[PDB]
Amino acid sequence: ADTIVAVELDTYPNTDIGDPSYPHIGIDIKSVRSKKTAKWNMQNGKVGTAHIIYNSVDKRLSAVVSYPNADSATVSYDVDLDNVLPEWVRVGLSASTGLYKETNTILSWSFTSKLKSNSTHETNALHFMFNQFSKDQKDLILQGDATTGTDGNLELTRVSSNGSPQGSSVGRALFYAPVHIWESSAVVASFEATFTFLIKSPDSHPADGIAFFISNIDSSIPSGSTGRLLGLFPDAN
């Protein structure tokens, strides 16, 4: 099976797989059963921003999510990612709907990876920033239902022409280039990701959420990972 590290914006509480009984931000290490969550005051129809930060000195994966005119939600977990992830990875966004549904719209996505060595010429770096997506976005691998180009946005899950979200949808977008998160001469390794999203549902109960994920390079959508499994996990172990 794939190896997954993710920050989930989980819109629907599934309490039998350990979700708290509210929308929440979570750190997922190789399981949909978050190692840590915080309450998330998700706003149906409002544009949000999530920030994800990590470094190999502090070995702490941290996330913050907010809306304009609102407080943030934040969550941290002590994990050494060198011990979880291979040396080379791909980074991605995943989203799903089930019998409950929402738009999983991404208006922007940026990622920065930095390896500082002990050489006087320290810094290796990867940085991308998407504020506009095109119908043919060749530096993304789209998986399952994901599409680009609708109002210059990334639609991770299925949306009708009417703008209405579809249930039982799963899609992901991975950056084309493998990312080097560990190197033998690196003294400091860090990454930062940001995405702005619009989760809208005609229903009082949207589902199921958006995740920023890091994976083995060859990661694909696990069979039957609609709904609560977020296109990340083959099961809820």
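A residue's number is simply how far along the shown sequence it sits, counting from 1.
110-118 and 157-165 differ in mean CA B-factor, and the higher of the two is recorded for 157-165. Of the two segments examined, 205-213 and 37-45, it is 37-45 that shows the higher average Cα temperature factor in the deposited entry. Of the candidates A186, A50, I27, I53, the deposited coordinates give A186 the top C-alpha B factor. Remark: of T105, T123, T97, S94, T123 shows the highest value [criterion: C-alpha B-factor in the PDB entry].
Ranked by Cα temperature factor within the chain, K101 sits in the middle third according to the deposited record. Remark: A73 belongs to the lowest third of its chain, ranked by C-alpha B-factor as recorded. Sorting the modelled residues of the chain by their CA temperature factor places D10 in the lowest third. Compared with the other modelled residues of the chain, the Cα B-factor recorded for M129 ranks in the middle third. Per the deposited record, the Cα B-factor of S223 falls in the highest third when ranked against the other modelled residues of its chain.
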